[PDB]
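Overview (structure and organization)
The chain contents come next:
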Amino acid sequence: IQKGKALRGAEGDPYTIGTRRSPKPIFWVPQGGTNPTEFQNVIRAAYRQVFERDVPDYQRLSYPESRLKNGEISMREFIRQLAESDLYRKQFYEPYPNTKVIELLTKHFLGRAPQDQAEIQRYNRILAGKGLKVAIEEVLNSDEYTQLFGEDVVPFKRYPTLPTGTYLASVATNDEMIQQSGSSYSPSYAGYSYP
Amino acid sequence: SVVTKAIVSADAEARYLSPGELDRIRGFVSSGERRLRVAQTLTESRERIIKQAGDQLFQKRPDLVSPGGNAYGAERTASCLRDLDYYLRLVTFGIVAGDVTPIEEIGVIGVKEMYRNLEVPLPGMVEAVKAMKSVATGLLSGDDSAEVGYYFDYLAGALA
Amino acid sequence: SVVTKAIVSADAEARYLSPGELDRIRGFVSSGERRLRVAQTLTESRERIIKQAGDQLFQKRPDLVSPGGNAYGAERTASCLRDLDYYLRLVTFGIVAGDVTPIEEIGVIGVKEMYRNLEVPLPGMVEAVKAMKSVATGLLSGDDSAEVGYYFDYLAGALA
Amino acid sequence: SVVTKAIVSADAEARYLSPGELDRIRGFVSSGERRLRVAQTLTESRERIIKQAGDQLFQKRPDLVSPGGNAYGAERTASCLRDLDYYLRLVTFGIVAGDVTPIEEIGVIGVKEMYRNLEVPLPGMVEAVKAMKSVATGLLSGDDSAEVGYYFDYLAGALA
Amino acid sequence: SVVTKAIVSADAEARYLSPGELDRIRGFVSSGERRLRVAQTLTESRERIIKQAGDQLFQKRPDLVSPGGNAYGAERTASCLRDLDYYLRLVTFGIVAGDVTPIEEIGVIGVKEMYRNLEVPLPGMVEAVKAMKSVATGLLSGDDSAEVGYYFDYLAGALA
Amino acid sequence: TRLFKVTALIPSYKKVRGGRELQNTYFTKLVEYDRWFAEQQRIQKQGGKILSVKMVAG
Amino acid sequence: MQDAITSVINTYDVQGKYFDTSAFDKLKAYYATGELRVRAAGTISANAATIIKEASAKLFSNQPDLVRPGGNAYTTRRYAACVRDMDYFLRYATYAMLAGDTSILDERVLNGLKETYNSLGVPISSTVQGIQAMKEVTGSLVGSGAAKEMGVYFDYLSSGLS
Amino acid sequence: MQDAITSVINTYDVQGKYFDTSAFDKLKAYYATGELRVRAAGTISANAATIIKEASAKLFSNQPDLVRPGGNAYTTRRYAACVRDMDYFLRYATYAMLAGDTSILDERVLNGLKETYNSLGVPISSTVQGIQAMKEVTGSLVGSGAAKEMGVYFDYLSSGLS
Amino acid sequence: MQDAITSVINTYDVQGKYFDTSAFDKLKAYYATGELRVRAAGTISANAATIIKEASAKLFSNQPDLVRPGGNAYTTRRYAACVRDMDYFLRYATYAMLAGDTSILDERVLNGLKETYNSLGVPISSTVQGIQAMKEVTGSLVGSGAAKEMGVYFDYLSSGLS
Amino acid sequence: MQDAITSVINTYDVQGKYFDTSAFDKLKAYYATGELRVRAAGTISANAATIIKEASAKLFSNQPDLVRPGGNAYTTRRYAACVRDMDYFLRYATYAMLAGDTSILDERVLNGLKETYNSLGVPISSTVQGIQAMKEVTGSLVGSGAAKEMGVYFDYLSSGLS
Ligand SMILES: CCC1=C(C)/C(=C/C2=NC(=C\c3[nH]c(/C=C4\NC(=O)[C@H](C)[C@H]4CC)c(C)c3CCC(=O)O)/C(CCC(=O)O)=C2C)NC1=O
Ligand SMILES: CCC1=C(C)/C(=C/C2=NC(=C\c3[nH]c(/C=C4\NC(=O)[C@H](C)[C@H]4CC)c(C)c3CCC(=O)O)/C(CCC(=O)O)=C2C)NC1=O
Ligand SMILES: CCC1=C(C)/C(=C/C2=NC(=C\c3[nH]c(/C=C4\NC(=O)[C@H](C)[C@H]4CC)c(C)c3CCC(=O)O)/C(CCC(=O)O)=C2C)NC1=O
Ligand SMILES: CCC1=C(C)/C(=C/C2=NC(=C\c3[nH]c(/C=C4\NC(=O)[C@H](C)[C@H]4CC)c(C)c3CCC(=O)O)/C(CCC(=O)O)=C2C)NC1=O
Ligand SMILES: CCC1=C(C)/C(=C/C2=NC(=C\c3[nH]c(/C=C4\NC(=O)[C@H](C)[C@H]4CC)c(C)c3CCC(=O)O)/C(CCC(=O)O)=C2C)NC1=O
Ligand SMILES: CCC1=C(C)/C(=C/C2=NC(=C\c3[nH]c(/C=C4\NC(=O)[C@H](C)[C@H]4CC)c(C)c3CCC(=O)O)/C(CCC(=O)O)=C2C)NC1=O
Ligand SMILES: CCC1=C(C)/C(=C/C2=NC(=C\c3[nH]c(/C=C4\NC(=O)[C@H](C)[C@H]4CC)c(C)c3CCC(=O)O)/C(CCC(=O)O)=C2C)NC1=O
Ligand SMILES: CCC1=C(C)/C(=C/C2=NC(=C\c3[nH]c(/C=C4\NC(=O)[C@H](C)[C@H]4CC)c(C)c3CCC(=O)O)/C(CCC(=O)O)=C2C)NC1=O
Ligand SMILES: CCC1=C(C)/C(=C/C2=NC(=C\c3[nH]c(/C=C4\NC(=O)[C@H](C)[C@H]4CC)c(C)c3CCC(=O)O)/C(CCC(=O)O)=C2C)NC1=O
């Protein structure tokens, strides 16, 4: 009894604090049969990972979805199609500088912040030379993606332990919501009308 | 059903079912006879339920069966009532399964674009679901009606 | 816990809780008083459970308390029994929670690296938790004993 | 506009605009005076177009203006005419921009959620847009009529 | 082509062509005869273009045909002129297509590696393309000269 | 050109995976032409063996 | 996130303590309200679209300039984003009401939301007004006993945003 | 995957028929066996490690060459992959026994397994014998009633490998 | 991004107005400048490499220490990064000129660029000098009429960095 | 990263100078101790598990509150993370000792570590005491001559964290 006594009082650490956690439900598309509701769940989760929120039906890409439920493509190719769409370019490339584009790419497809200045240099050179498509395929054809998600697992948020500064950067990156106006037309203004 | 959801979730983390998941399954199977009795009560009175729900729906919305309406004519009204029969059957299936999964899989995924292709108003469907809820929960006691109302509510919300 | 698990599952899918999840929670809170009395009973007999479980373990595994064993000496035997006390307290938490989430969050995740860094044998841990299972389920009634045994099975499987 | 689409397409590929894109911009700016003539024509007849389109809408759907309708009363019928004014302004914006981006992003994205929230019937919107199309194209020259009809057709398809 | 680019762009978003894309195709097909006569006049005079362009290129950079240069000798000079003939043919293809995609797939993608494996200096190619631009724009009308010059400019920019 | 349809088997050599990982081991997929060189190189460098290559479209 | 039960469990875990009579009292208190919370959650889920309709109509009647040209809810896209946000708030308030705790409101909703709205241009006072409208609409449906419970979580959201 | 309940639901939905006496008897039978199935699943999950150890020991005692050099289970890596496959089979047999259906065995186990083993060089007959050893070891623990049910799915896996 | 037409549409939409005579005047002005803008864009694209050639040449002639040991543009990696930055500046200034608006320079270029260069150690004043050199080179090629308009956007970048 | 050689090279590169007498003296100085560095690195690599076990035991004895309920190392998860972090410190200190340079400790360990531990709630002073315990344990194994060099990098970690 003496060896199990707490020593910091009520001002101690519960298990809920400490390093942040990846979501417990892992979404994947199994090889073979899948019920309709889990398929809708996986598709919705993939859209939520790459576009940071639910995408309405009129914006969802039906051709990749048919390809995926037919088994013609894997989840990795579904994520690649979602990345290479005009909706992604509109939301996460057009309103941002390239250095911010690299950060958003790592967030959306690795569940991560950029690891080092070398990653910034590599992806910046790719973006200056080639644009979104080659940078996206570089992110998706990377060994990190195939070791974390493979072919079937929807990317999720991660808070990697190594290298240094990556955990804090990943916490800030993954906690960040979309800060930019969703459109360039018809801006809103701060102001009142008094009745 | 409940068992399929538990197994799929357990397989997601590549583990066996936890004591909580096994207690979930045990609670579901212990309640099986009750929900079977509820489903049988609903299925024996399906003609009454469908007729009364159609009466209430058409009382609430005469425009549907008035000239220029969606269900105008005997054959279109029969198609309407047959859709109500479909959803009553789906509610019985979801009652025996223990969740809205059969309802969603057979009658909710793609329902909006389907009824759009058919020029069927969605609020009419919601009100028909409410009417069928009322008639069906009339046949059941408070405890049974309470759980059946949840499935009817899921259906109405998914159409809305 | 049961409510936390249902809510997290619904939040991952960005939906409200289904009738099935609500029914699971209702059946959970309906059975709160009996599982709470079980936790009461285990808390009352904590000292007896630790005493008898330690005695059973050291009779079945004399190498642990012999020289060269990890628990040799009064101090290391007391640390052994204190780990048993930790796990019994986690089991009471898991009983009131309705799942093994407290047990997994405090005493399972990372246990292998911990006990490797302590030179503590894992078969010794499974023998100790099975001893505690026997002692604790001896006190309770049959259904409550089976419920508690499920949590001790989860723990033994996590260690093994 | 057309220029913006060409630029974003070039930028996503980290390149200068190709001769085809520059030819497209050249053709767009060489048609600018005609587009401004058409947009100014649609601006002059704003009130004529809106009042005629409202008349055509309200004769075809009296129940909308009748008691219990969505637009019943001076305030709600004024809100209806105000929405028609919104969309005619959007059509002029699309005419000058040479494409339907202003229309899609001011009045198409989320329009179904808007009008579900407001309980406005979408077929009413569609055939009100067809009424504006007929009235507006009755005023323009045949060449201009086809061009304006393209934007009205796009908007009508977008509402459905 | 312009048509292929428009269709591919619409297909990527899974939609029909917008009024802007249809306007682009209209403007392209309305200028088809002009592009056709431009390609005709380039084709019927290709020998003059290639001869004068080779003369100008070797005058501006004699080091290529000086001993030790990449184009030294009648055989290598003939290969040089054959490459210029290739690029004139691709420019005619690009003129009729309305875009620079035939040039891109046939003679730009991989041109860097090809000419490095040939030891051909890219600045020499760029100056040869300028020589072809001058010679070809010499024998066409001002607007036709501008139209061919845009494609020649793209080819020079791609070669550098 | 256009799409290949490739069937490959990628065994595991650096560890033993607790997940089912069968869909990550033997799989058939469609690769674009412009991607197939890199994809084939990745399959080879992971120690995987390519069962078959076909030309579906083109 | 943590519910009420795991809140108690954590309180006793940091102290290395088995459950006291007071711990059992708090657990009984949460178990007693469970059927009430489940009924209220089911009612809210069944009426989410209606609740959003009423609350947004009230907000746009009380602040018309929000939906006039130049306003933050002026476009179809921005109006849809507004009602989407209201659905977020209602659903997460329902999660918190089932949990019996506001931790999920902290981690999932209120974290960085003030700076997000400031960067977006969303008026935060108008959003608190929308949440208050939603509270009023929900309280009538769920009943007084459940209304008092849901008001706590609506107030937590409003205070965190304010 | 597919449950027994989902099985009846599909067989009646493709007919467009409500449940009849036969369907209600089938559902009653599954509901009656549910408690036994849950007991067996709990016992198996509690003893999964012990079953895998006993079964692997029995398999490698009957076929010692499999773990000597030149055997397909000669390396720590291939031995680990072997016991991992056995754990796969036990866990999925438990899933399917709980479901009262062999759908999950087809969809997530046997789909492309025979060809994968053929390409890897895995002896299918020896894997089948390991599955059989799991059958006997599991049947020893779960009891007479659950042994036949669990061996149904073990035999399904054995035949799907055969 | 906004171009000139988008800017006019915005200024008239945020106040609920149809286009006026002033709006049509701005639109006519942009359509009139369109041909000159397209010609300049084509010329710059044809000569982007040469513009970077001469701009970097004269920037490193005025500031030799940049490319000499100890300078920020001294290594092949850092020199290549510098010319890549000049490529960015030319391409985006050409985009902004073709659009008739500076919004793309705000969103895609200048947003956070001083932060980036401060963290990198890049001398911002010398970058402004490189942009001025690029202006000088480009104005020669595009001709005076296009030189004025293109120098507008070069000066926008120079003022945003300085 | 940098080592002694790479440090000297970068020093002479930023001046654009060829190697001088003092440079070759420093290079000889590193080459002379390379053998001792390899020997010590192999010693830590062999005994890393023992070092971490003994250092963690010493630290948790000196500060028992770290692993009592409510401590920052109280859970199997947080205890594992603590001993894992100590293993990281030992491994990176061995890298630094082998490289003859503390640059890797800055760039790959110490940069952003205080901020990380502050956001986590990990007590930095206790982490420093753990590093000191690692120093004490490692010094006995490596031997005094290697122990001084190893203690250079251990104290570098402690000072950077302090
Ligand atoms: C190579 C450089 C490097 C270091 C050192 C590093 C440390 C580090 N420790 C972490 C968590 C942690 N670190 C500790 C460390 C212990 N807390 C106890 O009080 C002790 C005083 C102390 C060690 C002696 C603990 C308890 C956690 C929380 C673990 C959890 O919540 O599960 C985390 C958050 C991410 C994760 O746990 O996976 C990092 C990044 N990361 C790095 O990239
Ligand atoms: C753009 C190129 C493209 C095509 C052409 C295409 C067709 C297509 N239809 C499919 C399914 C289907 N297709 C149909 C349509 C049939 N039902 C019958 O009654 C009708 C006679 C007939 C249609 C006129 C149906 C019912 C399914 C679902 C089958 C199932 O879910 O098992 C599938 C399998 C996956 C899915 O559900 O989407 C494909 C790939 N997909 C594409 O990406
Ligand atoms: C620029 C993009 C944009 C649009 C289009 C838009 C429409 C819009 N229409 C509204 C109301 C309304 N809208 C209508 C129009 C409908 N009534 C009939 O059914 C017709 C079929 C149909 C019009 C043709 C009516 C009647 C109302 C009043 C609803 C009420 O007060 O209960 C409202 C709520 C605030 C208000 O009363 O002004 C909006 C925001 N808002 C926007 O920011
Ligand atoms: C559950 C956690 C969560 C929250 C809370 C959340 C809010 C949120 N609302 C957003 C947009 C928005 N939100 C609003 C709502 C405002 N408009 C009116 O003025 C009202 C006062 C008010 C609502 C009652 C609007 C208009 C936008 C559009 C902003 C824009 O596109 O310019 C955005 C920007 C990106 C997006 O479109 O989703 C976020 C992140 N997102 C989350 O993941
Ligand atoms: C070359 C790669 C390789 C290794 C290393 C390997 C080890 C190995 N040792 C085994 C048996 C064994 N191995 C041991 C060894 C232990 N006895 C004491 O505890 C010591 C701590 C320790 C030895 C120093 C024992 C006791 C058994 C018999 C266990 C039994 O069959 O019940 C077995 C089971 C099959 C058999 O009996 O041969 C394997 C697979 N197998 C391989 O393919
Ligand atoms: C969840 C369903 C599932 C199954 C069943 C499955 C089987 C499977 N077994 C594999 C390897 C293996 N499997 C075995 C086991 C066999 N060889 C021994 O001789 C025994 C006779 C027998 C087991 C009783 C061995 C030895 C390997 C290693 C093959 C190698 O890499 O050389 C692999 C390749 C990936 C890896 O090495 O981890 C798969 C995919 N995978 C799945 O996802
Ligand atoms: C430490 C790594 C590094 C290198 C290597 C480097 C090379 C370098 N050489 C340059 C100029 C030059 N370099 C050369 C050398 C060429 N002349 C012939 O063509 C030969 C084929 C070839 C040499 C064998 C010439 C002629 C120039 C003058 C270019 C001019 O003034 O236009 C310049 C431009 C600035 C200047 O004039 O100093 C650089 C940056 N810079 C670096 O930071
Ligand atoms: C599209 C808008 C955009 C810009 C402009 C941009 C600039 C940018 N410049 C960078 C580096 C650099 N930039 C320069 C350029 C400077 N060095 C000399 O002093 C010159 C005065 C001056 C150029 C005229 C240099 C030398 C580096 C390398 C810095 C380093 O590695 O330490 C980097 C880091 C990645 C890399 O090394 O390639 C970025 C992101 N990023 C963007 O997203
Ligand atoms: C609730 C989560 C949790 C657990 C379980 C936990 C266990 C734990 N047991 C420890 C020591 C110990 N643990 C044991 C237990 C072993 N003795 C025999 O071998 C048995 C097989 C076995 C127990 C049944 C012993 C003997 C020690 C003393 C180690 C020593 O003195 O070197 C320590 C080292 C610090 C200390 O003694 O206070 C921890 C952290 N810590 C946690 O935060």
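Residues numbered from 1 in each chain as written, not as in the entry; some residues may be left out. Chains lettered and ligands numbered in written order. Part of a larger assembly, values for the part shown. Heavy atoms only, no water.

Structure determination for the deposited model, as stated in its record, used cryo-EM, and the stated resolution is 2.59 Å.

A short note on the site of ligand 6
Looking at ligand 6, there are 25 residues lining it, with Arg20 of chain F together with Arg77, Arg78, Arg84 and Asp85 of chain H nearest. Near ligand 6, the surrounding residues belong to chains F and H. Here an oxygen atom of ligand 6 and a side-chain polar atom of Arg78 of chain H are 2.9 Å apart. For ligand 6, an oxygen atom lies 2.3 Å from a polar atom in the side chain of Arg84 of chain H. Expressed as a share of its isolated accessible area of 890 Å², the protein-covered part of ligand 6 is 99%. Within the residue set of the shell around ligand 6, elements represented by two or more residues are helix 4 (76-99), helix 6 (113-120) and helix 7 (124-142) of chain H. Here the shell around ligand 6 gets nine residues from one element, more than from any other, and that element is helix 4 of chain H. For the shell around ligand 6, the per-class residue count stands at 13 nonpolar, five polar and seven charged. (Near = heavy atom within 4 Å. Polar contact = N/O pair within 3.5 Å; in protein donor to acceptor, adjacent residues only side chain to side chain. Areas by Shrake-Rupley, 256 points an atom, 1.4 Å probe, with all protein chains shown as cover. Helix = DSSP H or I, 4+ residues; strand = E, 2+ residues; numbered from the N terminus. Nonpolar A, V, L, I, M, F, W, Y, C, P; charged D, E, K, R; others polar.)

Overview of empty space enclosed by the protein
Applying the stated criterion across every chain, the model contains five cavities of 30 Å³ or more. In this structure, the largest cavity spans a volume of roughly 80 Å³. The wall of the largest cavity is formed by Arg76, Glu77, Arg80 and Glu151 of chain A together with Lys29, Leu30, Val31, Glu32, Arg35, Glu39 and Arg42 of chain F. Of all the secondary-structure elements, those providing two or more residues to the lining of the largest cavity are helix 3 (75-83) of chain A together with strand 2 (26-31) and helix 1 (33-45) of chain F. (1 Å grid on protein atoms, 1.4 Å probe; cavity = no way out; pocket = protein on both sides within 12 Å on 5 of 7 lines; lining within 4 Å. Points joined across faces, edges and corners; volume = space filled by probe spheres on them.)

Details of the site of ligand 9
The full set close to ligand 9 counts 25 residues, and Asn70, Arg76, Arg82 and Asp83 of chain C together with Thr75 of chain J are the nearest of them. Around ligand 9 the close residues trace back to chains C and J. One nitrogen or oxygen atom from the side chain of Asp83 of chain C is found 2.9 Å from a nitrogen atom belonging to ligand 9. At 3.3 Å from an oxygen atom of ligand 9 is found a main-chain nitrogen or oxygen belonging to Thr75 of chain J. When the free accessible area of ligand 9 is taken as 910 Å², the share hidden by the protein chains comes to 89%. Elements represented by at least two residues in the shell around ligand 9 include exactly helix 5 (74-97), helix 7 (111-117) and helix 8 (122-139) of chain C together with helix 3 (76-99) of chain J. Tallied by class, the residues present in the shell around ligand 9 amount to 17 nonpolar, five polar and three charged.

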